[PDB]
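Chain residues, written in single-letter form:
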Amino acid sequence: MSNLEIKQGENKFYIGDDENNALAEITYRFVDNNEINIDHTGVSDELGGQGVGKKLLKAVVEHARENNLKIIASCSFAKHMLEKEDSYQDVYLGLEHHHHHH
Ligand SMILES: CC(=O)SCCNC(=O)CCNC(=O)[C@H](O)C(C)(C)COP(=O)(O)OP(=O)(O)OC[C@H]1O[C@@H](n2cnc3c(N)ncnc32)[C@H](O)[C@@H]1OP(=O)(O)O
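Definitions and limits used
- Residues numbered from 1 in each chain as written, not as in the entry; some residues may be left out.
- Heavy atoms only, no water.
- Helix = DSSP H or I, 4+ residues; strand = E, 2+ residues; numbered from the N terminus.
- Rg over C-alpha atoms; globule rule 2.2 N^0.38 Å.
- Buried < 20%, exposed > 50% of the residue type's maximum accessible area, 1.4 Å probe, protein only.
- Contact = heavy atoms within 4.5 Å.
- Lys, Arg positive; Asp, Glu negative; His and termini not counted.
- Charge placed at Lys NZ, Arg CZ, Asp CG, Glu CD.
- Near = heavy atom within 4 Å.
- Polar contact = N/O pair within 3.5 Å; in protein donor to acceptor, adjacent residues only side chain to side chain.
- Nonpolar A, V, L, I, M, F, W, Y, C, P; charged D, E, K, R; others polar.
- Pairing = 2+ DSSP bridges.
- Axes fitted to C-alpha atoms, helices over the stretch in contact; angles between N-to-C directions.

- The deposited coordinates for this entry were obtained by solution NMR.

Dropping the structure here:
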């Protein structure tokens, strides 16, 4: 362990002791032009402070709004996080047509 600093990698964000010993890692990719897709998101269950995932997603959303990027997630985990945080449903394509859930 060292510090919970947001480490940047190959189009990804992670926090941990080392690249391999990452506590929380979130990856994204540019599918078209300004749309970033989040498919992989893994956090250590045997940690305790699982709130790190919130900061990781927040950092992506915050930066997305700055460059007017569009957020899309194939990751069932990250997607649900965006569903929870209505505040992130501005850059995230959560507004398709039906909304809510049903
Ligand atoms: C679909 C994916 O990419 S996840 C599977 C791939 N991941 C890997 O390679 C490693 C596997 N390990 C993991 O990913 C971990 O077990 C995790 C990330 C799934 C566990 O999640 P946590 O780090 O505990 O996140 P945690 O739930 O505590 O907090 C973030 C949000 O996740 C949401 N969440 C919890 N469970 C789920 C779930 N089963 N599916 C979607 N979202 C969930 C919660 O709403 C939570 O929000 P809250 O803090 O307001 O309550």
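From this point, the narrative continues.
### What to know about the overall build of the protein chain
Moving on, step 1. Looking only at helices and strands, one finds two helices and five strands in the protein chain.
Moving on, step 2. Along its sequence from the N terminus, the protein chain presents helices and strands in the succession β-β-β-β-α-β-α.
Moving on, step 3. Against the compact-globule benchmark of 13 Å for 102 residues, the protein chain has a radius of gyration of 14 Å, which places it among compact chains.
Moving on, step 4. With the principal axes as the frame, the protein chain shows a C-alpha extent of 45 × 30 × 20 Å.
Moving on, step 5. Looking at the protein chain as a whole, 34% of its 102 residues qualify as buried.
Moving on, step 6. In the protein chain, the share of contacts with a sequence separation of at least 24, taken over all contacts with a separation of at least 6, comes to 38%.
Moving on, step 7. Distance between charge centres in the protein chain, computed from 10 positive and 18 negative side chains, equals 4 Å.

### So, the site of the ligand
Moving on, step 1. Neighbouring the ligand are 13 residues, the closest being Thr41, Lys54, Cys75, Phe77 and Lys84.
Moving on, step 2. One nitrogen or oxygen atom from the main chain of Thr41 is found 3.1 Å from a nitrogen atom belonging to the ligand.
Moving on, step 3. Between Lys84 and the ligand, the recorded distance is 2.7 Å, taken from a side-chain N or O atom to an oxygen atom.
Moving on, step 4. Listed by contribution, the elements that provide at least two residues to the shell around the ligand are β4 (35-43) and α2 (76-84).
Moving on, step 5. For the shell around the ligand, the class distribution of residues is four nonpolar, six polar and three charged.

### Regarding the sheet that holds strand β1 (residues 7-9)
Moving on, step 1. The strand order β1-β2-β3-β4-β5 describes an open sheet built from five strands, whose pairing is mixed. Each end of this open sheet is capped by a strand with a single partner; those strands are β1 and β5 (70-73). Shown here is a sheet whose adjacent strand axes are inclined to one another by a mean of 25°, direction ignored.
Moving on, step 2. Two strands pair when backbone bridges link them, and strand β3 (residues 22-30) and β4 are joined in this way by six bridges, in the antiparallel orientation. Each residue of the ladder has a partner; that of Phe30, found in β4, is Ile36.
Moving on, step 3. Of the strands in this sheet, β4 and β5 touch α2, which is tilted by about 130° from β5.

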